Every structure is written in structure tokens, then in C-alpha cells.
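Computation of the quantities below employed the complete heavy-atom set of this structure, encompassing side-chain atoms and omitting hydrogens, waters and symmetry-equivalent molecules. By convention in this document, chain letters (A, B, ...) are assigned in the order of the sequence lines, proteins followed by strands, and residues within each chain are numbered from 1.
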Amino acid sequence: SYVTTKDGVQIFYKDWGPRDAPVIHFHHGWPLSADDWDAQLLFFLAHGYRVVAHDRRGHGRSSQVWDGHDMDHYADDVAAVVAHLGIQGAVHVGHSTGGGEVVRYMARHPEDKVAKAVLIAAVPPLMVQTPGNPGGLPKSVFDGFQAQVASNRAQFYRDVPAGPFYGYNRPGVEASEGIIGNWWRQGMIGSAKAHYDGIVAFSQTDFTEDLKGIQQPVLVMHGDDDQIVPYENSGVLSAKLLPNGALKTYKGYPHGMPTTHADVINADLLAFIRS
Amino acid sequence: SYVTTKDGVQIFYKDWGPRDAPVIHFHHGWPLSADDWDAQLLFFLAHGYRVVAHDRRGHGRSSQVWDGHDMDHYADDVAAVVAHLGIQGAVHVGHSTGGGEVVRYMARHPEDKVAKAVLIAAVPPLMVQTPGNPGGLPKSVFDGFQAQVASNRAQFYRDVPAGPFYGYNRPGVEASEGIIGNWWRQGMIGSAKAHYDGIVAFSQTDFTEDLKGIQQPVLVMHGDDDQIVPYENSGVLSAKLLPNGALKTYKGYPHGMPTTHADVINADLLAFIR
Amino acid sequence: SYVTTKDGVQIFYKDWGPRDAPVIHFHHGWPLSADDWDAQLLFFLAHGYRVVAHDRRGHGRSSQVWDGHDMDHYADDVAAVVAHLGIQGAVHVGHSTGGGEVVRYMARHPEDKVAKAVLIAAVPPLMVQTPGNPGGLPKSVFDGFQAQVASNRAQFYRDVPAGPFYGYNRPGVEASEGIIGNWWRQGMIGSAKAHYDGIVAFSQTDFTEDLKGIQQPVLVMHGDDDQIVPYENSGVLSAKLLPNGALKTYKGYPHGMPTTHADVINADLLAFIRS
């Protein structure tokens with residue numbers, strides 16, 4: 001299904017389950033799509049929820065609009081989906097870049113009384129280095145990623161999931177070509193332009209302010225061996241800044257743990273949601 | 001192209017060939033799409049037919065609707081496509097789950113005087129074991145498939161075509177990465193929920209009644225080494241229940257024979273159809 | 001986005017950049033899509049251009065219409081895109097089959113005064129061997145490709161990019177699975193019938209008349225180790241037929257040079273366009 005945003009973007013989304021069942025809205029990471037949530041969507045459907053997941057603008061099946069690739073637009077696009085379906089008050093779950101999107105959404109759209117939120121290996125508070133965040137990674141790494149997206153996206157989208165994303169580069173770890181390919185697939189159908197700007201969006205946006213204002217219960221799930229988003233600089237700090245945040249640490253887990261450790265993550269996610 | 005069903009589902013379809021040429025409507029298997037018919041579509045176009053192939057609900061490019069994943073809905077979706085294109089009286093060819101769809105369609109929509117039908121490695125009469133079908137497979141096997149679709153669909157959709165589907169697991173057979181990849185691709189663009197429910201639809205639906213009522217000529221094709229749909233409990237029985245049915249057995253052929261043995265299957269399909 | 005043609009075909013296209021910026025329209029090769037221009041689109045966006053790229057009928061995301069798979073229709077489809085977006089007078093860049101499409105467009109749609117054009121490893125003047133073109137390739141070669149598309153498309157679409165297309169079959173050249181898979185991917189989402197007929201369209205259409213009539217500045221780029229479109233019977237001859245055309249030779253370069261040698265191809269395209 002599709003919804004047209006205020007600025008004319010076509011946002012694709014999946015909406016499964018009873019119309020009146022409690023809702024969980026899932027927000028995917030960079031440079032993926034709603035297809036990255038298969039395991040979670042089926043698990044929560046089987047546990048009584050209506051599940052919704054949309055493709056970020058320029059990602060997956062959503063329109064490849066060339067501009068507006070920043071957290072504020074991402075958040076407003078979320079607002080469009082929510083209002084379109086009338087799913088205000090839903091629980092919002094965000095992975096990686098999607099976690100930033102969730103936080104920014106809960107910050108600029110308080111009119112939507114979101115029940116609870118879950119940040120899984122999310123980018124907040126900030127990934128880039130600034131005088132306020134000296135622990136932020138150097139742009140050179142991000143600028144480099146943008147160069148890869150611009151000059152060899154097809155291979156770069158193989159390298160990321162085949163190496164650091166799922167921890168398949170660790171010793172004794174058996175890689176899954178299906179999982180690698182699906183990551184790659186979701187990336188290739190998206191816009192190179194949206195993904196290019198998207199790196200600035202998830203790496204150079206400061207969510208410190210937003211985290212401090214969120215009063216709802218928020219669970220932060222982070223693997224201590226996350227090679228893409230810093231466990232301490234992002235996860236631990238995020239849980240600390242959130243007034244009602246709680247941290248859930250997973251030893252040795254990778255960035256893509258919701259896929260490679262679906263059972264564990266889903267069970268813990270459900271426990272938190274049911275309070 | 002798309003047709004909107006009575007219940008609001010968008011069904012994607014392909015329609016190639018002269019508008020007034022005789023029609024062959026192809027029905028794909030689980031968990032694929034109309035793209036799985038490439039070889040047949042071009043073969044029959046070259047042999048004077050108009051060919052139509054649609055994506056089952058929640059499969060390929062069709063709407064990822066969360067419910068209605070059963071044979072009755074699959075059949076009514078076919079009716080929508082047929083009515084939209086005005087292709088009543090066509091020949092219908094179904095592969096695997098698609099074979100069950102063809103049978104249910106003919107049964108629920110007798111108004112459409114289908115000319116003939118071909119069931120290839122099709123699921124009828126009933127795949128699962130029950131008190132009425134002692135020779136079927138235990139439900140646990142299908143529950144296992146559902147579990148795979150629910151927790152590791154991306155790899156599972158590699159395992160099936162790389163192993164049992166095309167017989168590539170048979171020592172000595174040369175696998176095709178392109179064919180494996182295309183199977184996987186069609187599966188991944190479809191809905192995990194549609195595929196999850198779809199397993200129950202194809203393995204636990206009894207088509208005995210539908211088969212007994214089909215009076216048109218029907219050809220049942222089946223490889224005797226089908227690792228996906230047991231030859232003895234499907235093709236053999238379906239052919240006998242069909243009043244005007246006939247069985248065509250292919251020794252050593254896999255479930256996906258229409259793809260790996262296109263020349264032979266296309267030639268035999270044509271002989272029966274034309 | 002999409003535009004509906006006169007004959008009811010849905011043509012998918014990408015349109016990126018400031019609405020008021022100078023336009024460059026890219027035309028992809030067989031059996032690909034607009035996604036094949038990733039590297040070029042981002043490079044020109046960075047240089048202040050508005051870039052447009054559409055999927056040929058029956059290719060990529062465009063309608064899998066069963067007929068009209070010939071150069072005249074491809075050209076009329078271009079006309080529909082141009083009129084829809086109001087991008088008359090833009091620069092047109094076509095690769096391989098796309099090169100033929102550009103030339104046919106500029107010929108049957110003179111009302112649009114295209115500024116300049118670039119033909120990269122383009123099919124003109126005529127690929128197949130005929131009495132008038134004794135230096136062409138025997139038709140049997142193209143009949144072979146058609147048979148592969150009809151009975152072994154999934155694997156054939158792996159073989160072409162893994163072998164001759166990018167020169168990965170040359171000694172000492174390392175292949176990119178991501179690039180091979182992306183070529184394969186774009187081909188599989190397109191129509192087998194459109195691709196089957198498309199072989200006749202690109203290999204047996206004579207563009208001599210069109211070429212002799214184009215007065216605009218045109219740059220003909222061609223690698224001399226192109227295993228898909230013979231250098232000597234294409235680019236060399238096309239450059240001479242064009243009243244204001246010039247040949248740019250890339251020694252040892254493959255057919256898919258815009259992808260494997262993006263830095264060089266982009267720089268030369270930019271220099272020519274602003275010349």
C-alpha cells in the first residue's frame with residue numbers, strides 16, 4: 001500500500017493483522033526497507049498485534065525523491081503513515097537509522113501519544129564527531145561511505161552485510177548468502193541518491209535533545225560487538241539520557257541481531273511491550 | 001498490469017500476444033510469481049497463443065494483503081483476472097500450488113467453460129496425512145516449513161531451490177546459480193505472511209471433490225523423483241479421480257521440471273493443448 | 001514516477017536535481033534499466049545538473065507490454081517522458097542500445113532541439129552483417145542470444161555480465177559479484193518477451209539515416225575491447241557519419257565501462273558537455 005506525503009512523496013508500507021489489534025510500527029535501518037523486518041512482523045502477528053512497517057523515502061518501494069533526506073522529513077513521513085492509518089498511540093520499534101527516526105518522530109510529533117518505544121542498535125545520540133561529542137567517529141569514515149555509495153554501490157552493498165553488519169567476519173561464524181543477498185537486494189532497489197544523503201542524515205544528526213524529552217518507557221537493545229553503531233557511545237548513552245530508558249545488552253551480538261538472533265530479540269521485545 | 005479484486009486486493013498479471021489469439025492462463029507455484037513461467041510464456045507465444053500469468057495474492061508484485069490466503073480466495077482472484085481480461089474458455093496450466101488453484105477455480109466458477117487444464121507436479125488431491133489420506137506426509141513437515149518462513153526466510157529460500165526443488169541436490173547434477181537466484185528473488189519480493197499461510201493452503205486443502213467434478217480434458221504431469229510433492233500421493237491419484245484425466249509420468253524428473261526440462265515439457269504441453 | 005504513453009504503456013523514470021537546473025537525460029542499454037546509471041546520476045547531481053533516466057518499455061519497472069519493441073517505439077516513449085517533464089533541449093546520453101534510442105529520438109522528434117548527445121559503446125550504425133554492412137556480425141550471433149533469452153534467461157543473465165560485458169573474462173581481471181548480480185537483477189525484473197524482441201531492435205536496426213541528419217555536437221565513446229558491440233563496426237563508423245561528431249577511444253576498455261571506469265567516463269562526459 002501507499003500513502004502520499006504533504007510534500008508529494010509516495011511512501012510504501014505493509015500493514016498486517018486485525019485493524020483493531022494493538023499496533024507496533026517498525027522502522028528499518030539504512031539502506032534497507034520494510035522487508036528487513038520479516039521475522040519480527042510474523043512473530044508479533046502470531047502474538048496478537050497489528051504490525052506496520054514502511055519504506056523510508058527513496059528506500060525500497062517508496063518514491064525515489066531526490067531531496068528531503070533528513071531526519072525531520074523522515075519523521076514527517078512517519079506522521080503521514082500514522083495519520084493515514086489512524087495508528088496513533090502505537091508502540092514504535094526502530095533499528096539503526098530507524099531508531100533515530102523513531103526518536104525524532106517522538107520529539108517533533110508529540111501529538112501522537114506513542115505508548116512505548118524500542119531502539120535496537122540505534123544511531124542516537126550522535127555518530128559524528130563534534131566539540132560536544134569528541135567520541136564521535138570521524139566524518140572521513142562517513143565521507144568514505146558516501147564515496148562508496150556514489151562510485152561502487154553494487155559491490156559496497158555486498159561488502160557491508162558480508163562483513164561487519166551481521167558479524168559474519170568474526171571467526172568460526174558461518175555466513176548466510178540468503179541474508180547477505182537480501183540485504184543487498186533491499187539496498188539496490190532503493191535510490192543511490194537517497195542512500196547517499198541518508199548517510200549524512202543518520203551520522204550527523206544530534207538526537208541528544210530528543211532523547212531528554214522522551215518520557216515514555218523506552219527499551220534500548222544493543223549488542224556489545226556491534227561493528228556499525230557504537231554500543232557505548234550510542235546504546236548505553238542513549239539509555240542513560242532517556243529519563244525512562246532501560247538498557248538490554250547482548251554479549252557478542254552484531255548490528256543485525258534482529259535477523260540473526262530473532263528468537264532472543266523477539267522474546268525480549270515482547271516482554272518489554274507487555275510491560 | 002493490475003486488476004482490483006472484489007475484496008480490494010491488487011493482482012499483478014502479464015498478458016502477452018494477440019488480443020484474439022487462443023489463451024493459455026498459467027498459474028505459478030509456492031512461493032513464486034508469474035516470472036517463473038518465462039520459458040513457457042515465450043514458447044507458447046511462438047506457437048500462436050495469447051499467454052496470461054498472474055501473481056498470487058501476496059506473491060511477487062501483487063498486494064501483500066495479510067489474510068485470505070486460502071484456495072477459495074486464490075480461485076476467486078483468478079476469476080477477477082479472467083473477467084477483467086475476458087479470457088473465459090481458456091486453457092489453464094498450473095504448477096504445484098498453482099495446480100490446486102486451477103482445480104479450485106474450475107470448481108467454484110463453472111460459469112467459465114474452461115477448454116482444458118494441465119496440472120504439473122500439482123498438489124491435489126491432498127498432501128498432508130489424515131484419516132482419509134493415510135499415504136500423505138505428516139503435518140510436522142509442513143509445520144517445519146512454516147517455521148523456516150517465519151524465522152529464516154532469506155536462507156530457506158536459497159536452501160529449497162539449491163536442494164530439492166530442481167533436483168540439484170542429486171549427486172552428479174550441475175546446479176544453476178541463475179535459476180536458484182531467480183527462485184529466491186521471486187520468493188523474497190513476496191509477503192512472508194502470505195507465504196507462511198500459503199503452506200497450509202497448498203498442503204492441507206483437499207481437492208478430491210473438485211477433481212471428481214471436472215469433466216473437461218485434463219493432463220496430469222508429474223516427475224517420479226519429485227522431492228517437493230510426492231508423486232504417488234498426488235499425480236497418480238488426481239489423474240484417476242478426474243473423469244477425463246490422464247497421467248503423464250516423467251522418470252527421474254524434479255519438481256521444477258518445467259524450468260530444467262522446458263523443451264520436453266513444452267512439447268508435451270503443446271501436443272495436449274493443440 | 002511514471003508517464004503514460006500514447007499507446008498506454010507505463011514508463012518508469014527517475015528525475016533528480018533542482019527543477020531549474022540544466023538537464024541530462026540518460027538512456028540505458030539492453031536488458032537493463034535506469035538503475036544502470038547510478039554512478040553517472042550522482043556524479044552529475046554533484047556537478048549541479050538535473051538528471052533524468054527512464055526504464056525502456058518492458059524493462060525494469062516499466063510496463064511489460066508485449067509489443068512495440070522496436071526503435072521507433074523506444075523513441076516515441078522518450079518523447080512522452082520529455083513532454084511530461086518539460087525537459088526539451090536537454091543533453092542526451094545513451095549507452096549501448098540506449099545509444100540507438102538517442103539517435104532515433106533525435107531523428108523522429110526534431111521539434112525537441114537537443115543541445116548535445118553522447119553515444120557510449122552504442123549500437124549505431126548497424127550491428128548485423130548485411131550486404132550494405134559486410135563488416136557486421138552474422139545474424140546467427142543474435143539468434144543465439146534470442147534462444148538463450150527464450151530457454152535459459154536466468155543463467156544467461158549471469159553469464160553475460162560474468163563474462164564479456166565487463167571484461168571480467170579477461171586474464172587477471174577480478175570480477176565483482178555485486179556488479180554481476182546488479183546486472184542480472186535489472187534483467188530479471190524486465191520482460192522476457194521485451195528482451196527477446198529487443199535483441200532484434202538493437203542489432204538489426206540501421207541508424208545511418210538518423211546519424212547523417214544530426215547536426216548537434218555528438219561525442220562517440222567506445223572501448224576497443226568491447227566484446228558486446230564491436231568497436232570497428234560501430235563507434236568508429238558512427239563518429240564519421242555524424243556531421244559534428246567526434247570519437248573518443250578507450251584502449252582496453254569493456255562494454256560496461258561507465259560502471260567499471262566511472263571516474264574516467266564521468267570526467268570525459270563532463271568535459272564534453274561543458275565544452
Going by ring-ring contact (aromatic ring centres under 6.0 Å, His included), name the residues that satisfy it together with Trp37(A), two or more places apart in sequence or in a different chain. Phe26(A)
Within-4.5 Å side-chain heavy-atom neighbours: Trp66(A) and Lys14(C): no
Taking the side chain as every heavy atom from C-beta outward, state whether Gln148(B) and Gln155(B) have any atom pair closer than 4.5 Å. no
Heavy-atom side-chain proximity of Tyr157(A) to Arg185(A) below 4.5 angstrom: no
Do other residues, nucleotides or ligands put more than 12 heavy atoms under 6.0 Å from the CD atom of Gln215(A)? yes
Ring-plane angle category for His255(A) and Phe165(A), please: parallel below 30°, perpendicular beyond 60°, tilted otherwise. perpendicular
Can I get a per-line list of side-chain donor-acceptor pairs under 3.5 Å for residues 39-48 of chain C, giving both atom names and the distance, sequence neighbours left out?
{"residue": "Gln40(C)", "atom": "NE2", "partner": "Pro258(C)", "partner atom": "O", "Å": "3.0"}
{"residue": "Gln40(C)", "atom": "NE2", "partner": "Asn266(C)", "partner atom": "OD1", "Å": "2.9"}
{"residue": "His47(C)", "atom": "ND1", "partner": "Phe43(C)", "partner atom": "O", "Å": "2.8"}

Would you say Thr4(A)'s side chain and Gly8(A)'s backbone share a donor-acceptor pair under 3.5 angstrom? no
Main-chain N/O of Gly17(A) paired to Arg19(A) side chain as donor or acceptor, under 3.5 Å: yes
Quick one: are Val78(A) and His109(A) in side-chain contact, heavy atoms under 4.5 Å? no
Please tabulate, one pair per line, all N/O donor-acceptor pairs under 3.5 Å involving side-chain atoms of residues 79-89 of chain A, not counting sequence neighbours.
{"residue": "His84(A)", "atom": "NE2", "partner": "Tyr13(A)", "partner atom": "OH", "Å": "3.1"}
{"residue": "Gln88(A)", "atom": "NE2", "partner": "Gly86(A)", "partner atom": "O", "Å": "2.7"}

Donor-acceptor contact below 3.5 Å, side chain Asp55(A) vs main chain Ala34(A): yes
Tell me whether the guanidinium CZ or amine NZ of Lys248(A) lies under 6.0 angstrom from the six-membered ring centre of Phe272(A) and within 45° of its axis. no
Counting only N and O atoms by type, is there a donor-acceptor contact under 3.5 Å from the side chain of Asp38(C) to the main-chain atoms of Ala192(A)? no
Does some side-chain heavy atom of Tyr231(A) sit less than 4.5 Å from a side-chain heavy atom of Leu247(A)? yes
How far apart are the C-alpha atoms of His59(B) and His195(B), what are their side-chain angles, what is the distance that settles it, and do they pass the ring pair (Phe, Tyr, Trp, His ring centres under 6.0 Å) test? CA-CA 8 Å; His59(B) 290 63; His195(B) 293 166; 4.7 Å; yes
Using the ring of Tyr253(A) (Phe, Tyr or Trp, six-membered ring only), decide whether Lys251(A) places NZ or CZ under 6.0 Å from its centre and within 45 degrees of its axis. no
Separation of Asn152(B) CG from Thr259(A) OG1 (nearest 0.5 Å): 11.0 Å
Those residues at least two apart in sequence (or on a different chain) that pass side-chain hydrogen bond (donor to acceptor under 3.5 Å, both in side chains) with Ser191(B) are none
When you compare the side chain of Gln64(B) with that of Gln10(B), does any pair of heavy atoms fall below 4.5 Å? no
Would you call the rings of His92(A) and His25(A) parallel, tilted or perpendicular, where under 30° means parallel and over 60° means perpendicular? tilted
By the definition salt bridge (charged side-chain N to carboxylate O under 4.0 Å, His left out), identify the one residue from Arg57(A), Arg108(A), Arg56(A) that meets it with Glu101(A). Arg56(A)
Is any side-chain heavy atom of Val103(A) less than 4.5 Å from a side-chain heavy atom of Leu119(A)? yes
Side-chain (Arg170(A)) to main-chain (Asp225(A)) donor-acceptor, under 3.5 angstrom: no
Using modelled atom types and a 3.5 Å cut-off, is there a donor and acceptor pairing between side-chain atoms of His95(A) and backbone atoms of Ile120(A)? yes
Could you go step by step and tell me if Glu232(A) and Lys240(A) meet the salt bridge (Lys or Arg N to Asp or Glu O under 4.0 Å) rule? CA-CA 10 Å; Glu232(A) 185 70 37; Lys240(A) 204 297 182 304; over 6 Å; no
Quick one: list whatever passes side-chain hydrogen bond (donor to acceptor under 3.5 Å, both in side chains) with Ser151(A), sequence neighbours left out. none
Answer yes or no: is there a side-chain heavy-atom contact under 4.5 Å between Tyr49(A) and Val23(A)? no
Specify the closest pair of heavy atoms between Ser62(C) and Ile11(C), including all atoms of both residues, with the distance to one decimal. OG-CA, 3.4 Å
Residues forming a salt bridge (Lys or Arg N to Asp or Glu O under 4.0 Å) with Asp197(B), sequence neighbours excluded: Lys193(B)
Could you tell me how the ring of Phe142(A) sits relative to the ring of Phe202(A): parallel (under 30°), tilted (30 to 60°) or perpendicular (over 60°)? perpendicular
